[PDB]
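Below is start38.csv, which holds CSV, C-alpha atoms.
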```csv
chain,number,residue,atom,x,y,z
T,1,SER,CA,0.0,0.0,0.0
T,2,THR,CA,0.8,3.7,-0.3
T,3,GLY,CA,-0.6,7.0,0.8
T,4,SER,CA,-0.2,10.6,-0.5
T,5,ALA,CA,-1.5,13.7,1.2
T,6,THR,CA,-1.0,17.4,0.5
T,7,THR,CA,0.4,19.5,3.3
T,8,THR,CA,-0.4,23.2,3.5
T,9,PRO,CA,1.3,26.2,5.4
T,10,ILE,CA,-0.9,27.5,8.2
T,11,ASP,CA,0.0,31.1,7.5
T,12,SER,CA,2.0,33.4,5.2
T,13,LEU,CA,5.2,32.7,7.1
T,14,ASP,CA,5.1,28.9,6.8
T,15,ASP,CA,5.1,28.7,10.6
T,16,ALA,CA,3.8,25.1,10.4
T,17,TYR,CA,2.1,22.8,7.9
T,18,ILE,CA,-1.2,21.0,8.2
T,19,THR,CA,-2.2,17.8,6.5
T,20,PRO,CA,-5.8,16.4,6.5
T,21,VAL,CA,-6.2,13.1,8.4
T,22,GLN,CA,-9.4,10.9,8.5
T,23,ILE,CA,-10.2,9.4,11.9
T,24,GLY,CA,-13.0,7.1,12.8
T,25,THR,CA,-16.1,5.8,11.1
T,26,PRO,CA,-17.7,7.7,9.5
T,27,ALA,CA,-14.6,9.7,8.9
T,28,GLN,CA,-13.9,12.8,10.9
T,29,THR,CA,-11.3,14.9,9.1
T,30,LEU,CA,-8.9,16.8,11.2
T,31,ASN,CA,-5.9,18.9,10.1
T,32,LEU,CA,-2.8,17.7,11.9
T,33,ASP,CA,0.7,19.0,12.1
T,34,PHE,CA,3.0,16.1,11.0
T,35,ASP,CA,5.9,16.1,13.3
T,36,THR,CA,9.1,14.1,12.7
T,37,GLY,CA,10.4,15.3,16.0
T,38,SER,CA,7.8,13.6,18.2
T,39,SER,CA,5.9,10.3,18.4
T,40,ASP,CA,2.3,11.0,19.6
T,41,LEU,CA,-0.8,11.3,17.5
T,42,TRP,CA,-3.0,13.6,19.6
T,43,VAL,CA,-6.1,15.5,18.8
T,44,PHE,CA,-8.4,18.2,20.0
T,45,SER,CA,-11.5,16.3,21.0
T,46,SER,CA,-14.9,16.3,22.7
T,47,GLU,CA,-13.0,15.7,25.9
T,48,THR,CA,-10.8,18.9,25.6
T,49,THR,CA,-11.5,21.5,28.3
T,50,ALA,CA,-14.0,23.8,26.6
T,51,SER,CA,-12.1,27.0,27.5
T,52,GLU,CA,-9.0,25.6,25.8
T,53,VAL,CA,-10.8,25.1,22.4
T,54,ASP,CA,-10.9,28.1,20.1
T,55,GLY,CA,-11.8,27.3,16.5
T,56,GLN,CA,-10.2,23.8,16.2
T,57,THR,CA,-12.1,20.9,14.7
T,58,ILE,CA,-12.5,18.2,17.3
T,59,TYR,CA,-12.5,14.4,17.3
T,60,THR,CA,-15.6,13.0,18.9
T,61,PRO,CA,-15.0,9.3,19.7
T,62,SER,CA,-18.6,8.6,20.7
T,63,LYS,CA,-19.6,9.3,17.1
T,64,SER,CA,-17.1,6.8,15.7
T,65,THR,CA,-18.4,3.2,15.5
T,66,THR,CA,-14.7,2.0,15.4
T,67,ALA,CA,-13.5,3.9,18.4
T,68,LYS,CA,-12.5,2.0,21.5
T,69,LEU,CA,-11.3,3.4,24.8
T,70,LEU,CA,-7.8,2.1,25.5
T,71,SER,CA,-8.6,1.5,29.1
T,72,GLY,CA,-6.3,3.0,31.7
T,73,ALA,CA,-4.0,4.6,29.2
T,74,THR,CA,-3.0,8.3,29.6
T,75,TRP,CA,-0.5,10.5,27.9
T,76,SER,CA,1.3,13.8,28.6
T,77,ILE,CA,3.8,15.6,26.4
T,78,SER,CA,5.9,18.7,26.5
T,79,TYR,CA,7.5,20.2,23.4
T,80,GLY,CA,10.7,22.1,22.8
T,81,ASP,CA,8.9,25.4,22.6
T,82,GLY,CA,7.4,24.9,26.0
T,83,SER,CA,3.9,23.9,24.8
T,84,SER,CA,2.2,20.8,26.2
T,85,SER,CA,-0.9,18.7,26.1
T,86,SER,CA,-2.3,15.6,27.9
T,87,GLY,CA,-5.3,13.3,28.1
T,88,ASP,CA,-6.5,9.7,27.5
T,89,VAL,CA,-6.4,7.3,24.6
T,90,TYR,CA,-8.7,5.6,22.1
T,91,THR,CA,-7.9,3.2,19.3
T,92,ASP,CA,-9.5,3.9,16.0
T,93,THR,CA,-9.1,3.7,12.2
T,94,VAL,CA,-6.8,6.5,10.8
T,95,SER,CA,-6.2,7.2,7.2
T,96,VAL,CA,-3.7,9.6,5.6
T,97,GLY,CA,-3.9,10.2,1.8
T,98,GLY,CA,-5.6,6.9,1.2
T,99,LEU,CA,-3.4,4.8,3.5
T,100,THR,CA,-5.4,3.2,6.3
T,101,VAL,CA,-4.2,1.9,9.7
T,102,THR,CA,-6.7,0.1,12.0
T,103,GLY,CA,-6.2,0.1,15.7
T,104,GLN,CA,-4.1,3.3,15.7
T,105,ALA,CA,-3.7,5.0,19.1
T,106,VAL,CA,-5.5,8.3,18.9
T,107,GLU,CA,-4.6,10.4,22.0
T,108,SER,CA,-7.5,12.6,23.0
T,109,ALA,CA,-6.5,15.8,24.7
T,110,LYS,CA,-8.2,16.8,27.9
T,111,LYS,CA,-5.8,19.7,28.3
T,112,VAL,CA,-3.7,21.8,25.9
T,113,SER,CA,-1.4,24.7,26.6
T,114,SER,CA,-2.2,28.2,25.4
T,115,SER,CA,-0.1,28.1,22.2
T,116,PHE,CA,-2.3,25.2,21.0
T,117,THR,CA,-5.5,27.0,21.9
T,118,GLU,CA,-4.4,30.1,20.2
T,119,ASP,CA,-3.7,28.3,16.9
T,120,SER,CA,-7.1,27.7,15.4
T,121,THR,CA,-5.6,26.0,12.3
T,122,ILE,CA,-3.9,23.0,14.0
T,123,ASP,CA,-6.3,20.3,15.2
T,124,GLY,CA,-3.5,18.1,16.7
T,125,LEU,CA,-0.2,16.5,15.9
T,126,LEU,CA,0.8,13.3,14.1
T,127,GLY,CA,4.2,12.2,15.3
T,128,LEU,CA,6.6,10.5,12.9
T,129,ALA,CA,9.7,10.1,15.1
T,130,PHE,CA,10.6,6.7,16.6
T,131,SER,CA,7.9,5.0,18.7
T,132,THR,CA,10.4,4.9,21.7
T,133,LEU,CA,9.4,8.5,22.3
T,134,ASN,CA,5.7,7.9,22.5
T,135,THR,CA,4.3,9.1,25.9
T,136,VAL,CA,1.4,6.7,26.4
T,137,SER,CA,1.5,5.0,29.8
T,138,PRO,CA,1.5,2.3,31.0
T,139,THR,CA,1.6,0.7,27.5
T,140,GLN,CA,3.6,2.7,25.0
T,141,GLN,CA,2.0,3.0,21.6
T,142,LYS,CA,3.3,3.0,18.0
T,143,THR,CA,3.2,5.8,15.5
T,144,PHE,CA,1.1,5.8,12.4
T,145,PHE,CA,4.2,5.1,10.3
T,146,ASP,CA,5.3,2.2,12.5
T,147,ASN,CA,1.8,0.7,12.4
T,148,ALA,CA,1.6,1.1,8.6
T,149,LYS,CA,5.2,0.0,7.8
T,150,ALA,CA,4.7,-3.7,7.2
T,151,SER,CA,1.8,-3.0,4.7
T,152,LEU,CA,3.7,-0.3,2.7
T,153,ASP,CA,5.3,-1.1,-0.6
T,154,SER,CA,8.6,0.3,0.8
T,155,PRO,CA,9.2,1.2,4.5
T,156,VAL,CA,9.6,4.9,3.9
T,157,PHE,CA,7.8,8.2,4.0
T,158,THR,CA,8.9,11.4,2.3
T,159,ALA,CA,8.5,15.1,3.2
T,160,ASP,CA,8.3,17.6,0.4
T,161,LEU,CA,7.4,20.9,2.1
T,162,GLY,CA,6.7,24.0,0.0
T,163,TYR,CA,8.0,27.5,0.4
T,164,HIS,CA,4.9,29.7,0.8
T,165,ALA,CA,3.0,26.9,-1.0
T,166,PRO,CA,1.5,23.4,-0.5
T,167,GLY,CA,3.7,20.3,-0.6
T,168,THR,CA,3.3,16.6,-0.1
T,169,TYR,CA,3.8,13.8,2.4
T,170,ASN,CA,4.0,10.4,0.8
T,171,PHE,CA,4.0,7.0,2.5
T,172,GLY,CA,5.4,3.8,1.0
T,173,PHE,CA,7.0,5.1,-2.2
T,174,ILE,CA,9.5,7.6,-3.5
T,175,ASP,CA,8.1,9.9,-6.2
T,176,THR,CA,11.0,10.2,-8.6
T,177,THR,CA,9.3,13.2,-10.4
T,178,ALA,CA,9.4,15.3,-7.2
T,179,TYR,CA,13.1,16.0,-7.1
T,180,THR,CA,16.1,16.9,-9.3
T,181,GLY,CA,19.4,15.0,-9.5
T,182,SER,CA,20.0,12.1,-7.1
T,183,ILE,CA,19.0,11.4,-3.5
T,184,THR,CA,22.0,11.3,-1.1
T,185,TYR,CA,21.5,9.0,1.9
T,186,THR,CA,23.1,9.5,5.2
T,187,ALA,CA,23.2,7.5,8.5
T,188,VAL,CA,20.7,7.9,11.3
T,189,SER,CA,21.1,7.4,15.0
T,190,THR,CA,17.9,6.4,16.8
T,191,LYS,CA,19.5,6.6,20.2
T,192,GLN,CA,17.5,9.7,21.2
T,193,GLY,CA,14.4,8.6,19.3
T,194,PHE,CA,14.8,11.2,16.6
T,195,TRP,CA,15.8,11.2,12.9
T,196,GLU,CA,19.3,12.2,14.0
T,197,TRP,CA,22.0,12.6,11.4
T,198,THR,CA,25.3,14.5,10.9
T,199,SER,CA,25.6,17.2,8.3
T,200,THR,CA,29.0,17.5,6.7
T,201,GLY,CA,29.2,21.3,6.8
T,202,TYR,CA,27.9,24.6,5.6
T,203,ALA,CA,28.4,27.7,3.4
T,204,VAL,CA,27.0,31.2,3.7
T,205,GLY,CA,26.0,32.8,0.4
T,206,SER,CA,28.6,32.4,-2.3
T,207,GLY,CA,31.2,31.7,0.4
T,208,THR,CA,33.5,28.7,0.6
T,209,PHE,CA,32.1,25.5,2.1
T,210,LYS,CA,33.3,24.8,5.7
T,211,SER,CA,33.7,21.1,6.3
T,212,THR,CA,32.6,20.4,9.8
T,213,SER,CA,30.3,17.7,11.4
T,214,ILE,CA,27.0,19.1,12.7
T,215,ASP,CA,24.8,16.5,14.5
T,216,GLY,CA,21.1,17.4,14.4
T,217,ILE,CA,17.6,16.2,13.9
T,218,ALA,CA,15.3,16.4,10.8
T,219,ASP,CA,12.2,17.9,12.5
T,220,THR,CA,9.2,18.9,10.4
T,221,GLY,CA,7.4,20.1,13.5
T,222,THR,CA,10.0,22.9,14.2
T,223,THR,CA,9.7,26.0,12.1
T,224,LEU,CA,13.3,27.3,12.0
T,225,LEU,CA,16.8,26.1,11.5
T,226,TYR,CA,18.7,25.9,14.8
T,227,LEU,CA,22.5,25.5,14.6
T,228,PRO,CA,25.6,26.0,16.7
T,229,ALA,CA,26.3,29.6,17.7
T,230,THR,CA,29.5,29.7,15.6
T,231,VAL,CA,27.6,28.8,12.4
T,232,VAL,CA,24.8,31.2,13.1
T,233,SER,CA,27.1,34.1,13.9
T,234,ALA,CA,29.0,33.5,10.6
T,235,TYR,CA,25.6,33.6,8.7
T,236,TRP,CA,24.3,36.8,10.3
T,237,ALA,CA,27.7,38.6,10.1
T,238,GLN,CA,26.9,38.8,6.3
T,239,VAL,CA,23.8,40.8,6.9
T,240,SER,CA,24.3,44.5,7.5
T,241,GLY,CA,22.6,45.5,10.8
T,242,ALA,CA,21.7,42.0,11.9
T,243,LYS,CA,22.1,41.4,15.6
T,244,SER,CA,21.1,39.0,18.4
T,245,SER,CA,18.3,40.5,20.5
T,246,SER,CA,17.8,39.0,23.9
T,247,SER,CA,14.5,41.0,24.2
T,248,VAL,CA,13.1,39.6,21.0
T,249,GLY,CA,14.6,36.1,21.6
T,250,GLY,CA,17.1,35.7,18.7
T,251,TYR,CA,18.7,37.2,15.6
T,252,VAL,CA,16.8,40.0,14.0
T,253,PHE,CA,17.8,41.9,10.8
T,254,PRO,CA,16.6,45.1,9.0
T,255,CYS,CA,13.6,44.3,6.9
T,256,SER,CA,15.4,46.3,4.1
T,257,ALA,CA,18.0,43.6,3.8
T,258,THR,CA,18.5,41.0,1.1
T,259,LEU,CA,19.5,37.8,2.8
T,260,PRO,CA,22.2,35.4,1.6
T,261,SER,CA,21.5,31.8,1.0
T,262,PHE,CA,22.7,29.1,3.4
T,263,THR,CA,24.1,25.7,2.2
T,264,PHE,CA,24.3,22.6,4.3
T,265,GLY,CA,26.1,19.4,3.5
T,266,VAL,CA,24.6,15.9,3.2
T,267,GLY,CA,27.6,13.7,2.6
T,268,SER,CA,29.3,15.1,-0.5
T,269,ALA,CA,26.0,16.7,-1.7
T,270,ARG,CA,24.8,20.2,-0.9
T,271,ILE,CA,21.3,21.6,-0.2
T,272,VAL,CA,20.9,25.3,-0.8
T,273,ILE,CA,18.4,27.3,1.3
T,274,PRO,CA,17.5,30.5,-0.6
T,275,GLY,CA,17.8,33.7,1.4
T,276,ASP,CA,14.1,34.4,1.1
T,277,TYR,CA,13.4,31.2,3.1
T,278,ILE,CA,15.3,32.7,6.1
T,279,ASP,CA,13.0,35.8,6.3
T,280,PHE,CA,10.3,35.4,9.0
T,281,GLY,CA,9.0,39.0,8.7
T,282,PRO,CA,8.5,41.8,11.1
T,283,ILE,CA,8.9,41.0,14.8
T,284,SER,CA,5.6,42.8,15.4
T,285,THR,CA,3.1,44.3,13.0
T,286,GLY,CA,4.6,47.3,11.2
T,287,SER,CA,8.1,46.9,12.6
T,288,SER,CA,11.1,47.3,10.3
T,289,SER,CA,13.0,44.7,12.4
T,290,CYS,CA,12.6,41.2,10.9
T,291,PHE,CA,13.0,37.8,12.6
T,292,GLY,CA,15.7,35.5,11.3
T,293,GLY,CA,15.0,31.9,10.2
T,294,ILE,CA,18.4,30.6,11.3
T,295,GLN,CA,18.9,30.8,15.1
T,296,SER,CA,21.3,29.5,17.7
T,297,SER,CA,20.7,26.0,19.2
T,298,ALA,CA,22.8,27.0,22.2
T,299,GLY,CA,20.8,25.9,25.3
T,300,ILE,CA,18.3,23.8,23.3
T,301,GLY,CA,20.8,21.0,23.6
T,302,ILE,CA,20.4,19.8,20.0
T,303,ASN,CA,20.7,21.2,16.5
T,304,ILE,CA,17.4,21.1,14.6
T,305,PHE,CA,17.0,21.0,10.9
T,306,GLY,CA,13.5,22.4,10.9
T,307,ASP,CA,11.2,23.5,8.1
T,308,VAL,CA,13.5,26.3,6.9
T,309,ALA,CA,16.0,23.6,6.0
T,310,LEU,CA,13.7,20.7,5.1
T,311,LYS,CA,11.6,22.8,2.7
T,312,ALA,CA,14.6,23.4,0.5
T,313,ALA,CA,14.8,19.6,-0.1
T,314,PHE,CA,13.0,16.4,-1.0
T,315,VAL,CA,13.5,14.4,2.2
T,316,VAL,CA,13.3,10.6,2.5
T,317,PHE,CA,12.7,9.1,6.0
T,318,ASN,CA,13.8,5.5,5.4
T,319,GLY,CA,12.4,3.3,8.1
T,320,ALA,CA,14.1,0.1,7.0
T,321,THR,CA,15.7,-2.1,9.7
T,322,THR,CA,18.7,0.2,9.7
T,323,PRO,CA,17.0,3.7,9.2
T,324,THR,CA,18.6,6.3,7.0
T,325,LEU,CA,17.7,9.8,5.7
T,326,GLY,CA,17.9,10.9,2.1
T,327,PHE,CA,18.1,14.5,0.7
T,328,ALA,CA,17.7,15.7,-2.8
T,329,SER,CA,17.4,19.1,-4.4
T,330,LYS,CA,14.1,20.0,-6.0
```
Show this structure as structure tokens.
Amino acid sequence: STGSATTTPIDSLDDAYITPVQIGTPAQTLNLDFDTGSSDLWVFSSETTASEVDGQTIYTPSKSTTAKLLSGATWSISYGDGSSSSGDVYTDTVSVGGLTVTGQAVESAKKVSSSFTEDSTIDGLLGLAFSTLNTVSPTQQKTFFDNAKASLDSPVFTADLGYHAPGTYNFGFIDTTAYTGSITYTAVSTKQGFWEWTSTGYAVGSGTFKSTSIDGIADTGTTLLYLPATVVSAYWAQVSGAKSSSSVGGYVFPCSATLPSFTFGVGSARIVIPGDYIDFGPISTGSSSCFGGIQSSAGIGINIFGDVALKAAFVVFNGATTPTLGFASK
């Protein structure tokens, strides 16, 4: 089997991407944030504290003939941005782009933090990291991908995120029309439960490539590119007037600037992020200070190849017995 679903930016900045997901019988379609940096499929639901729901579409398990309470199971998750959610668990039928999993754990939120409430466009998350990070207790649950894997034509999924445009998540096949050149594969460590890999270096604009190992995670659920302070300083030094602002929370730059590209290495291959992808617009409405899309990972504890980086590539998440990651230009 295979599946193919379109993923759409939630706003004009590509702050996140939503993908429609069918849950239950009859289908209830919710727009979920596919997150390769976490491993819980959780939704706004009929159980979510009413004051914490503001515009989201909810899953109502009592209206699904295939829903079953997973008795005694609870979940609770905290994300890198300080947001969180928790609740109980049902199993139900879940379909993405025509690919169906029966008995998928669907984690129903009883509580969500303010950032989730405030984002009316995101009805939940669908985790695509390794199932070892799943938070369900006392019986850990598998991700949608892990459940689907054995049925897929090939044990892979691909992320093809758009810049200010829709893109595609495919399951079970590699669309050879969706990228240019060849796919370069690179080793993955699953020791921390992430799609963790080592970039071979970087360049700023038309500058020379610096060969240096940068360990980080491929994370579709993180908006920006978070890299070591040395790398980030080298980038922003090429933008007149750019500075790190503790009050704003990162690097800012004059909105009048033209940003240089940023290149990262995948083995001997190179992925180029155009300068425009690094512009996250005014820090506040009407400001002439703009927020940068490349930020320091110092004090996160991990480097993160988030959407800024991933949307410049066609990315293969290879879930074979020894997982790997593939990157191609597009």
Could you give me, as a CSV table (one decimal) with C-alpha atoms, in the coordinates of the input, the residues within 7 Å of range 262-276 of chain T, counting all atoms listed in the file and dropping anything in the same chain fewer than 5 positions from it?
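Result went into part.csv, see below:
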```csv
chain,number,residue,atom,x,y,z
T,184,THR,CA,22.0,11.3,-1.1
T,186,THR,CA,23.1,9.5,5.2
T,199,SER,CA,25.6,17.2,8.3
T,200,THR,CA,29.0,17.5,6.7
T,201,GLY,CA,29.2,21.3,6.8
T,202,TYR,CA,27.9,24.6,5.6
T,203,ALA,CA,28.4,27.7,3.4
T,204,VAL,CA,27.0,31.2,3.7
T,205,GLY,CA,26.0,32.8,0.4
T,309,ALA,CA,16.0,23.6,6.0
T,312,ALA,CA,14.6,23.4,0.5
T,313,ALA,CA,14.8,19.6,-0.1
T,329,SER,CA,17.4,19.1,-4.4
```
Worksheet item: So how far away is CA of residue 153 in chain T from CA of residue 133 in chain T, in Å?
Response: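 Distance reported for this atom pair: 25.2 Å.
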Worksheet item: Pick from T:248, T:188, T:214, T:257: nearest to residue 324 in chain T, with all atoms listed in the file counted?
Response: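 Of T:248, T:188, T:214, T:257, the one nearest residue 324 in chain T, counting all atoms listed in the file, is T:188.
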Worksheet entry | Who sits within 12 Å of residue 53 in chain T, all atoms listed in the file, same chain under 4 positions skipped, as a list in words |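 Everything that qualifies: residues 43, 44, 45, 46, 47, 48, 49, 57, 58, 59, 109, 110, 111, 112, 113, 114, 115, 116, 117, 118, 119, 120, 121, 122, 123 and 124 of chain T.
If only C-alpha atoms are the atoms counted, then among T:61, T:82, T:282, T:181 the closest residue to residue 13 in chain T is T:282.
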Worksheet item: So what do you get for CA of residue 311 in chain T versus CA of residue 76 in chain T, distance-wise?
Response: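 Separation of CA of residue 311 in chain T and CA of residue 76 in chain T: 29.3 Å.
CA of residue 242 in chain T to CA of residue 216 in chain T spans 24.7 Å [interatomic distance, one decimal].
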Worksheet item: With only C-alpha atoms as the basis for distance, which of T:177, T:83, T:139, T:6 is at the shortest distance from residue 314 in chain T?
Response: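 Result for the nearest residue to residue 314 in chain T: T:177.
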Anything within 12 Å of (1.3, -3.8, 5.0): list those residues as a compact mmCIF listing (two decimals) with C-alpha atoms, in the coordinates of the input, counting all atoms listed in the file and sticking to the file's coordinates.
```
# COMPACT_ATOMS: atom_id res chain seq x y z
CA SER T 1 0.00 0.00 0.00
CA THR T 2 0.80 3.70 -0.30
CA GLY T 3 -0.60 7.00 0.80
CA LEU T 99 -3.40 4.80 3.50
CA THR T 100 -5.40 3.20 6.30
CA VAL T 101 -4.20 1.90 9.70
CA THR T 102 -6.70 0.10 12.00
CA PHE T 145 4.20 5.10 10.30
CA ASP T 146 5.30 2.20 12.50
CA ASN T 147 1.80 0.70 12.40
CA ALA T 148 1.60 1.10 8.60
CA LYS T 149 5.20 0.00 7.80
CA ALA T 150 4.70 -3.70 7.20
CA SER T 151 1.80 -3.00 4.70
CA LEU T 152 3.70 -0.30 2.70
CA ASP T 153 5.30 -1.10 -0.60
CA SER T 154 8.60 0.30 0.80
CA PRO T 155 9.20 1.20 4.50
CA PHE T 171 4.00 7.00 2.50
CA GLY T 172 5.40 3.80 1.00
```
Worksheet entry | Shell around residue 125 in chain T at 9 Å using only C-alpha atoms, local window under 2 positions removed, as an NGL selection string | :T and (18 or 31-35 or 38 or 40-43 or 122-123 or 127 or 221)
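Shortest separation to residue 301 in chain T among T:103, T:80, T:166, T:87 occurs at residue T:80, atoms counted being all atoms listed in the file.
Here the question is which of T:321, T:206, T:284, T:244 gets nearest to residue 261 in chain T using all atoms listed in the file, and that residue is T:206.
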Write out as an mmCIF file with C-alpha atoms, keeping the file's coordinate frame the residues lying within 10 Å of residue 300 in chain T, counting only C-alpha atoms and excluding same-chain residues fewer than 5 positions away.
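The result, stored in selection.cif:
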```cif
data_model
loop_
_atom_site.group_PDB
_atom_site.id
_atom_site.type_symbol
_atom_site.label_atom_id
_atom_site.label_comp_id
_atom_site.auth_asym_id
_atom_site.auth_seq_id
_atom_site.Cartn_x
_atom_site.Cartn_y
_atom_site.Cartn_z
ATOM 1 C CA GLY T 80 10.700 22.100 22.800
ATOM 2 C CA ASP T 81 8.900 25.400 22.600
ATOM 3 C CA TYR T 226 18.700 25.900 14.800
ATOM 4 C CA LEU T 227 22.500 25.500 14.600
#
```
Practice prompt. Name the residues in contact with residue 89 in chain T at a cut-off of 9 Å, using all atoms listed in the file, excluding same-chain residues fewer than 6 positions from it; report them as a PyMOL selection string.
Written response: chain T and resi 42+68-75+105-109+136
Worksheet item: Which is closer to residue 160 in chain T than all the others in T:7, T:180, T:212, T:233, using only C-alpha atoms?
Response: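 Among the listed residues, the smallest separation from residue 160 in chain T belongs to T:7.
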